[PDB]
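One chain comes next, on its own, written as structure tokens: the form deposited in one PDB entry.
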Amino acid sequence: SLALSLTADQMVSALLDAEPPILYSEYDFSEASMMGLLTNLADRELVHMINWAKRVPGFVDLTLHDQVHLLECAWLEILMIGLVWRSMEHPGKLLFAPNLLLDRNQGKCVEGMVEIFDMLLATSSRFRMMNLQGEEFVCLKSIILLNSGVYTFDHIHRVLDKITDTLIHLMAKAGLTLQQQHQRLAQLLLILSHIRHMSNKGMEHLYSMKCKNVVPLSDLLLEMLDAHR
């Protein structure tokens, strides 16, 4: 590999540099406009997400088939963690794009979405209480990529250990005692279980919206969604 011989600062440097940009909405609400805006954005972010993933150390070392599988498993968790991250400094709101801040009130508009909006807002608030940092965030999202589909399968689990080592290095650099370090490592990784939950509930609502055919979906989004069932 190569990911395994990077130092901790180099690993975080790599992940900071791979980071995708914050995109803007094609914006100039109801069920159709909500879903049309959101799925257009999701489609656009997905293309950037795919090129981000190839820049995650250790990722390109996998076979194309394993890369496909990990991205199909995790793409919604990754869009969600990004959304919740963007939204931190905007309490009670979700920043889908800098020109598209949405209240839970607009989540009502779509059938079944207010439940997901509330879970996302909770996650964001939780990230805020914990004072989550950017360096930690990029580690978490890389962890999601490598971990989420990893069971349907060593190098990859060694890569995950390298990222753990990296998170700990960031917290120690930031001054935390050893005990604050393992407690905070635990708090962060537990949040990934809730991000998983949100992704599964979101995927189910995406399929439901696919079926109700309220909005046409991009072929890419259809294939990302299809891979889940």
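So that there is no doubt, residue numbering starts at 1 and follows the sequence shown.
What comes next is about the form deposited with a small molecule bound, which is not displayed.
Only one of 159-167, 38-46, 54-62, 181-189 places residue heavy atoms within 4.5 angstroms of the small molecule in the deposited complex, namely 38-46. Residue 79 is the only one of 143, 88, 73, 79 with a heavy atom lying within 4.5 Å of the small molecule in the deposited complex. Within 4.5 Å of the small molecule in the deposited complex, a heavy atom is found for not a single one of 6, 14 and 139. In the deposited complex, residue 132 stays away from the small molecule, with no heavy atom inside 4.5 Å. Of the heavy atoms in residue 18, none are within 4.5 Å of the small molecule in the deposited complex. Heavy atoms of residue 117 reach within 4.5 Å of the small molecule in the deposited complex, making it an interface residue. The small molecule is not drawn, but in the deposited complex it has a heavy atom within 4.5 Å of residue 96.
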